[PDB]
Engineer: 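The structure under discussion is supplied below as structure tokens; questions concerning it will follow.
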Amino acid sequence: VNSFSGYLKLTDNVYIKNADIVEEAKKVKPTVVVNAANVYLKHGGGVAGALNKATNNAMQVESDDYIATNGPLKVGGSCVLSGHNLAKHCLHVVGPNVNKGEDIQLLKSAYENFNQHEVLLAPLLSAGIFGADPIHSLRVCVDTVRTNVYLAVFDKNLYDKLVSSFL
Ligand SMILES: C[C@H]1CCC(=O)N1Nc1ncnc2[nH]c3cc(F)ccc3c12
Ligand SMILES: [Cl-]
């Protein structure tokens, strides 16, 4: 048992809710919140801008030190950093950005990072400003992640479409 509340169960291990991931994280304080990161950990907008804003820019300060030491992430890759006031840890995962021409095939590799964590609160990778089809992202999530994932979908119209079209 865990404290995630109000989720619809899609599969044995995937759950979904119409929610603002920032407010969800602040309420639950999960072990892991997933950020929709880019390879530079520049948290300017979308989910990343919102998570970073909620940390009062502490996420960005930590991220800049990470990049200065390690260089950029790979598309499809991830790193574990602090969750600050939102979670114990933040798993920064880079899904392909279709608006940059990145290979959508890398979305499966991106979701594989979730399997290193038993339970996660996460957005749909490559959705939103990353330009992929969220219906597709949900399908890849369900067919790739084997650990327990609680998906937060900000947009109510999208949430309803994702549920109603789910196979
Ligand atoms: C990933 C895409 C897929 C459909 C959707 O709603 N997306 N975004 C979110 N998903 C969950 N929580 C969020 N909080 C946010 C705060 C922001 F400033 C901007 C975006 C989000 C957001
Ligand atoms: Cl977004």
Side-chain angles (χ1 to χ4, degrees), residues 3-11 14-60 63 73 75-78 81 83-87 89-102 104 106-114 117 119-145 148-167:
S3 60
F4 288 106
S5 177
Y7 285 75
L8 179 68
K9 182 169 177 62
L10 294 176
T11 68
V14 180
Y15 296 78
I16 194 164
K17 185 184 182 179
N18 174 216
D20 180 344
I21 192 171
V22 171
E23 295 306 315
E24 279 291 289
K26 286 193 285 187
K27 182 68 175 192
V28 174
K29 307 224 209 295
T31 304
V32 181
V33 65
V34 174
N35 182 32
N38 58 53
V39 296
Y40 307 110
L41 302 180
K42 288 307 188 197
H43 308 302
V47 167
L51 291 170
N52 176 59
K53 179 179 179 186
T55 76
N56 182 45
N57 211 51
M59 177 181 285
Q60 190 65 66
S63 292
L73 296 180
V75 178
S78 70
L81 291 172
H84 300 277
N85 55 315
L86 303 178
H89 306 285
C90 180
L91 180 70
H92 294 273
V93 180
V94 184
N97 189 326
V98 174
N99 303 315
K100 299 179 180 178
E102 292 170 352
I104 194 62
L106 289 168
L107 186 53
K108 188 173 183 74
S109 301
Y111 274 117
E112 289 170 342
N113 295 287
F114 290 24
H117 302 278
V119 182
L120 314 87
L121 167 67
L124 287 167
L125 298 179
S126 297
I129 68 176
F130 281 62
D133 175 4
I135 294 173
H136 173 66
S137 182
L138 177 56
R139 187 77 254 168
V140 179
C141 181
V142 160
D143 293 341
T144 305
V145 181
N148 289 325
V149 56
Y150 289 85
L151 294 168
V153 178
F154 182 57
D155 193 87
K156 171 61 172 171
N157 259 40
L158 175 61
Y159 170 85
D160 283 350
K161 187 185 181 198
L162 288 165
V163 169
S164 286
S165 63
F166 183 69
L167 191 49

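All values below were derived from every heavy atom in this structure, side-chain atoms included, with hydrogens, water molecules and symmetry-related copies excluded. Both counts, for ligands and for their atoms, begin at 1 and track the order of listing. Along the sequence shown, residues are numbered consecutively beginning with 1.
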Engineer: Closest non-hydrogen protein atom to atom 14 (N) of ligand 1, residue and atom name please, with distance?
Structural biologist: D20 OD1, 3.4 Å

Engineer: With atoms numbered from 1 as shown, which atoms in ligand 1 lie under 4.0 angstrom from a non-hydrogen atom of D155?
Structural biologist: 6 (O)

Engineer: Under 4.0 Å from any heavy atom of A152, which atoms of ligand 1 are there?
Structural biologist: 10 (N), 11 (C)

Engineer: What are the two closest non-hydrogen atoms of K17 and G6, and how far apart are they?
Structural biologist: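 So the minimum-distance heavy-atom pair works out to CG-O, 3.9 Å.
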
Engineer: Which atoms from ligand 1 have a heavy atom of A19 less than 4.0 Å away?
Structural biologist: 11 (C), 12 (N)

Engineer: Looking only at heavy atoms, what is the nearest atom pair of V94 and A110, with distance?
Structural biologist: O-CB, 3.7 Å

Engineer: Where does the angle between the aromatic ring planes of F4 and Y150 fall among parallel (under 30°), tilted (30 to 60°) and perpendicular (over 60°)?
Structural biologist: parallel

Engineer: Taking all non-hydrogen atoms of both residues into account, name the closest pair between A37 and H92 and its distance.
Structural biologist: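 So the minimum-distance heavy-atom pair works out to CB-CB, 3.8 Å.
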
Engineer: For ligand 1, is any non-hydrogen atom under 4.0 Å from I21's backbone (N, CA, C, O), its side chain (CB onward), both, or neither?
Structural biologist: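 The answer is both.
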
Engineer: Pick, from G46, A122, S137, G128, the option with the minimum heavy-atom distance to atom 2 (C) of ligand 1.
Structural biologist: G128

Engineer: Which pair of heavy atoms, one from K9 and one from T11, lies closest together, and at what distance?
Structural biologist: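 Closest heavy-atom pair between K9 and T11: NZ-O, 2.9 Å.
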
Engineer: Below 4.0 angstrom from a heavy atom of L124, which ligand 1 atoms are there? Numbered from 1 as shown, please.
Structural biologist: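 Under 4.0 Å from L124, ligand 1 has these atoms: 1 (C).
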
Engineer: Please list the nearest protein heavy atom to atom 8 (N) of ligand 1 with its residue and the distance rounded to 0.1 Å.
Structural biologist: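 Nearest protein contact, heavy atoms only, for atom 8 (N) of ligand 1 is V47 CG2, 3.8 Å.
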
Engineer: Does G49 reach ligand 1, in the sense of a heavy atom lying below 4.0 Å from it?
Structural biologist: no

Engineer: Does ligand 1 have any atom that is closer than 4.0 Å to a heavy atom of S126?
Structural biologist: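 Contact check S126 vs ligand 1: negative.
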
Engineer: Which ligand 1 atoms does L158 reach within 4.0 Å, using its non-hydrogen atoms?
Structural biologist: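 Answer for ligand 1: 3 (C), 4 (C).
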
Engineer: Please determine whether a side-chain nitrogen of the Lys or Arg among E24 and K27 lies less than 4.0 Å from a carboxylate oxygen of the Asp or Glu.
Structural biologist: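 No salt bridge links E24 with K27.
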
Engineer: What is the nearest protein non-hydrogen atom to atom 3 (C) of ligand 1, stated with its residue, atom name and distance?
Structural biologist: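 Atom 3 (C) of ligand 1 sits closest to the protein heavy atom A127 CB, 3.1 Å.
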
Engineer: Among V163, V142, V149, which one satisfies side chain to side chain contact (heavy atoms under 4.5 Å, CB included) with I16?
Structural biologist: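 With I16 as partner, side chain to side chain contact (heavy atoms under 4.5 Å, CB included) holds for just one option, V163.
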
Engineer: Taking the side chain as everything from C-beta on, heavy atoms only, tell me whether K42 gets closer than 4.5 Å to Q60.
Structural biologist: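 Yes, side chains in contact.
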
Engineer: Take every heavy atom of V22, measure it against each atom of ligand 1, and state whether any distance is under 4.0 Å.
Structural biologist: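 No, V22 has no heavy atoms under 4.0 Å from ligand 1.
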
Engineer: Could you check which of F154, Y159, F130 puts a non-hydrogen atom nearest to atom 5 (C) of ligand 1?
Structural biologist: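 Looking at heavy atoms only, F154 sits closest to atom 5 (C) of ligand 1.
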
Engineer: Do the non-hydrogen side-chain atoms of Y159 and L8 ever get within less than 4.5 Å of each other?
Structural biologist: yes

Engineer: I'd like to check which ligand 1 atoms, numbered from 1 as shown, lie under 4.0 Å from a non-hydrogen atom of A50.
Structural biologist: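 So the atoms of ligand 1 that pass are 16 (C), 17 (C), 18 (F).
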
Engineer: Please report the interatomic distance NZ(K161) to CG(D155), rounded to the nearest 0.5 Å.
Structural biologist: 10.5 Å

